[PDB]
């Protein structure tokens, strides 16, 4: 299920963990083959909730903080999406409202699934990721802007460039369901 991505500006949230795996993204108890409600409530479950009924927030998890309300971009460390195929991992992220993830690298399988689901995966050099995180945390304004046309990320006055296979890119630009 694809959604168009051309230009997006929104609240970015840094998650300073490496190797965020498919179970951290969405645990196995929620991997319903068919649901009506989406999976966003289960995103980052084990990091996000202190209880077992998804009702008590872990306030040490950045996505729970007021400064990160309405996050639509994530900034994480390497090997994001580690694990075997889990189509639900991109689904939980998109259903929560995440449109793009910036990291130094992505697990190959998750990357392709995410791109298939209109979730833009932006690979930056680790130095550039480290710099983003530092500034994002420090800043009152959490907005990052991303142009998939220019293949650039705009944060404050700094500009980063990124790559993406032309086929994946044109699918995201035209919202074509063909991955």
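Positions refer to the first chain, counted from 1.
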Practice task
Decide which of the stretches 63-71 and 134-142 has the higher mean C-alpha B-factor, going by the entry.
Solution key: 134-142
Problem - Between the two ranges 119-127 and 25-33, the one averaging a larger CA B factor in the entry - result: 119-127
Handout entry: Member of 48, 41, 111, 151 with the greatest C-alpha B factor (per the PDB record)
Key = 151
Exercise for the section: Please rank the C-alpha B-factors of the chain's modelled residues and tell me whether residue 96 sits in the lowest, middle or highest third. Expected result: lowest
Exercise for the section: Report the third (lowest, middle or highest) to which the CA temperature factor of residue 81 belongs, ranking only the modelled residues of the same chain. Expected result: middle
Practice task
Grab the CA temperature factor for residue 170 from the record and place it in the lowest, middle or highest third of its chain.
Solution key: middle
Fill in the blank from the handout: Tertile call for residue 15 (CA temperature factor, within chain, third-based) is the middle
